[PDB]
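Residue-level structure breakdown
Here are the chains, one letter per residue:
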There are 2 protein chains.
Amino acid sequence: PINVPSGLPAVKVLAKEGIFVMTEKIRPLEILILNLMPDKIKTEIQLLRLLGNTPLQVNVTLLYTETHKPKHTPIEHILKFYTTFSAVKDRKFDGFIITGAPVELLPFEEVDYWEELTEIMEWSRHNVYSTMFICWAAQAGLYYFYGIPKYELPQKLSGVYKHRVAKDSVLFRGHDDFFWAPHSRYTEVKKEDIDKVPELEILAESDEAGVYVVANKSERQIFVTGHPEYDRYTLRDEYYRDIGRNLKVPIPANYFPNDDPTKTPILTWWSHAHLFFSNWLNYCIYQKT
Amino acid sequence: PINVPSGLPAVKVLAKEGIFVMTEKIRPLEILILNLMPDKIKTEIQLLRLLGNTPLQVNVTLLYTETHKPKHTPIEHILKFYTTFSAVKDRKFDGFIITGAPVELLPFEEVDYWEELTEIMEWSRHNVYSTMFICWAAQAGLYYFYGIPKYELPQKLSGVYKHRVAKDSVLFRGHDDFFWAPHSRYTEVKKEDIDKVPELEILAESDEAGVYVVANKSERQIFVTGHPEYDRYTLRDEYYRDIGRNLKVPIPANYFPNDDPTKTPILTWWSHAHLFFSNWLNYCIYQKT
């Protein structure tokens, strides 16, 4: 069902979970991913897992900035699998995901590649049917399209938080009254700013985590502040990493049994993640363009 | 997406939840429903809700026994919308749902229409790709195909119960470690009987509710002992009904806030229900026949 570049690590990883990606030649959906994460291989796997759960054919195209300051991912992988804005200016896509980045703490305009991002964002307004913006990207987009500013939090929001649906959307078909989603970020946007923009609507939120999903009335722009796509272990690995660097930090919230980091975490947000991305593909894209 | 008979009440009901059924003329999936419930209109709505959540086209055919002893549903509705085994012997279907019935307390062979049911069940072995059997039907089928007997429970199992996945299946893609499903029945089948039949596998179970989902190795037969398709209110209406008949009975388990029947119930099993029926349609049927 989902099609991806030939040697992508995700193929063999996902193959282990019954998810058989492919690498060969109604029409398939064209889904673009602008991967801004530091661990690009992990994020690929997490997103591809959810784009594949479906009977629709998806073709995935992996995009990067021409500005590369080497973070985690090695240069070879980006060179092999990733393309630039220039090679896709001229195409149109049914969907587009712009992922998080570890960049919350700078003003938007003082990010290396804000100007590139801006051109791409603007382009997606016209060449992508529905664009989804995750984590810091939600903030970048809410800011660039609607003037919605971000704010530093007293401390880091890191854990799994409980949410409710604030406004009906097809995106939340199949949801229970309450669901869980991970958040991991040092900044936030606010109901009170968003509330001043009629084009925007708050679809889900959390008392602990705040605004979670906001969207256009047409749902051609969807802003997600958390990380529904994270693995059971994602937060744990981050925790063990920081602790191993002798940094003192909070145990992620509502994640570890009894808040015990040796005791393995309980997976509570898979259902939401899967429903959410299926609905996007089926309801926000396939049945609309 | 989902197609159904012209005047079905479900059309207008589901239309209220954005689910636009249809009534006109890859090919559509042919899904047969043998509705044995006493409230046939309710069950239609509950099942159609979950068969429709999908990008695949489904055509639904509503089947009944030629034996009718009038329960709840009026004769006019059955006469208008329902057809008999004879009119469908000759067709083949991709999927088939056989629903519950209020019949647990009789031996199988002393049910009015066991012999009709038996002929239909046998037929589905050959003319239906994947057959799903719910509530009492799970028991009828487990019994008829594998010799698996049912047992009376000390008291009635009535509530929402927590479950785990016991064996991996595509049916449970997107599930959390633990999920909820309603059960409402006076009888049960047992791990210990099922365990003696290699063709069977237990896919989900509950410590409180017991065996929940069992299946063929090919998943061409799926047995569900609970009612994932129930509305928020289904258990409440049953409760108010029985209490109004001055019958003393248990408050349904894990359903009412604080076990208070005026306080409205919290919907906790929608996610599971939706994932489960999507997976059936996508993974157990569409990608196989």
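Residues numbered from 1 in each chain as written, not as in the entry; some residues may be left out. Chains lettered and ligands numbered in written order. Heavy atoms only, no water. Residues with missing side-chain atoms left out of burial classes, pairs and counts.

The record lists X-ray crystallography as the method behind this PDB entry and 2.520 Å as its resolution.

Some words on the overall build of chain A
Quick note on the threshold: Helical segments are the DSSP runs of H or I of at least four residues, strand segments are the runs of E of at least two, and each set is numbered from the N terminus. We compute the radius of gyration from the C-alpha atoms alone; for a globule the expected value is 2.2 Å times N to the 0.38, where N is the number of residues.
The number of helices and strands found in chain A is 8 helices and 10 strands. Compactness check: chain A gives a C-alpha radius of gyration of 18 Å against a globular reference of 19 Å for 289 residues, within 12% of the reference.

Some points on the pairing of strand β3 (residues 58–63) of chain A
Residue and element names in this part refer to chain A. Stated formally: Whether a residue is buried, partly exposed or exposed follows from its accessible area with a 1.4 Å probe, protein chains only, as a fraction of its type maximum: under 20%, in between, or over 50%, in that order. Being paired, for any two strands, means DSSP has found at least two bridges between them. Place the viewer so that the strands point away; then a crossover is right-handed whenever the path from the first strand over the helix to the second strand goes clockwise.
In terms of burial, β3 is a largely internal element, 5 of the 6 residues being buried. In terms of strand pairing, strand β2 (residues 29–34) meets β3 through 6 bridges, oriented parallel. Of the residues in β3, the one forming a bridge with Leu 29 is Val 58. In terms of handedness, the path from β2 via helix α2 (residues 40–52) over to β3 forms a crossover that is right-handed.

Looking at the interface of chain B and chain A
The line we're drawing: Here a residue-residue contact requires only that any non-hydrogen atoms of the pair lie within 4.5 Å. Note on definitions: buried area is the accessible-area loss of two parts on being combined, 1.4 Å probe, summed for both. The salt bridge definition used is simple: a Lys or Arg side-chain nitrogen within 4 Å of an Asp or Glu carboxyl oxygen. Polar contacts, as counted here, are pairs of nitrogen or oxygen atoms within 3.5 Å of one another; within protein the pair requires one atom able to donate a hydrogen and one able to accept it, and residues that are adjacent in sequence qualify only if both atoms are side-chain atoms. Each residue is assigned to one class: nonpolar for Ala, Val, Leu, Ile, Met, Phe, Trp, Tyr, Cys and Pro, charged for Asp, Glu, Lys and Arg, and polar for all the others, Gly among them.
Each partner contributes residues to the interface: chain B has 30 residues there, and chain A has 30 residues. Both sides together, the interface formed by chain B and chain A hides about 2,100 Å², and carbon and sulfur atoms give 50% of it. A per-residue breakdown of the area chain B buries against chain A is headed by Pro 55, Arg 173 and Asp 176 of chain B, which together make up 26% of the total. Inspection of the region where chain B meets chain A yields 2 salt bridges. With a shortest N-O distance of 2.4 Å, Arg 232 of chain A and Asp 177 of chain B are connected by a salt bridge. Counting every contact that joins chain B to chain A gives 16 residue pairs in polar contact. For the side of chain B that touches chain A, the element with the most residues is helix α8 (residues 270–286) of chain B, which contributes 8 residues. The class makeup of the residues in the side of chain B that touches chain A is 13 nonpolar, 12 polar and 5 charged.

Some remarks on unusual backbone geometry
All names here are of chain A. In this structure, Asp 259 is a non-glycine residue whose phi angle is positive, near 55°. Relative to the assigned elements, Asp 259 resides in the loop between α7 (234–244) and α8 (270–286). Relative accessible area serves as the criterion here: at 46%, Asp 259 is assigned to the partly exposed category.

Examining the relation of the copies chain B and chain A
What counts is decided by this rule: Copies of the molecule are overlaid using a least-squares fit to their C-alpha atoms.
Mapping chain B onto chain A leaves a residual RMSD of 0.0 Å; the transformation is a rotation of 180° accompanied by 0.0 Å of translation along its axis. Accordingly, the operation relating the two chain copies is best matched by a two-fold axis. The rotation axis passes nearest to the C-alpha of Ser 271 of chain B in chain B, at a distance of 3.2 Å. Looking at chain B, 100% of its interface residues are interface residues in chain A too, so the copies touch through the same face.

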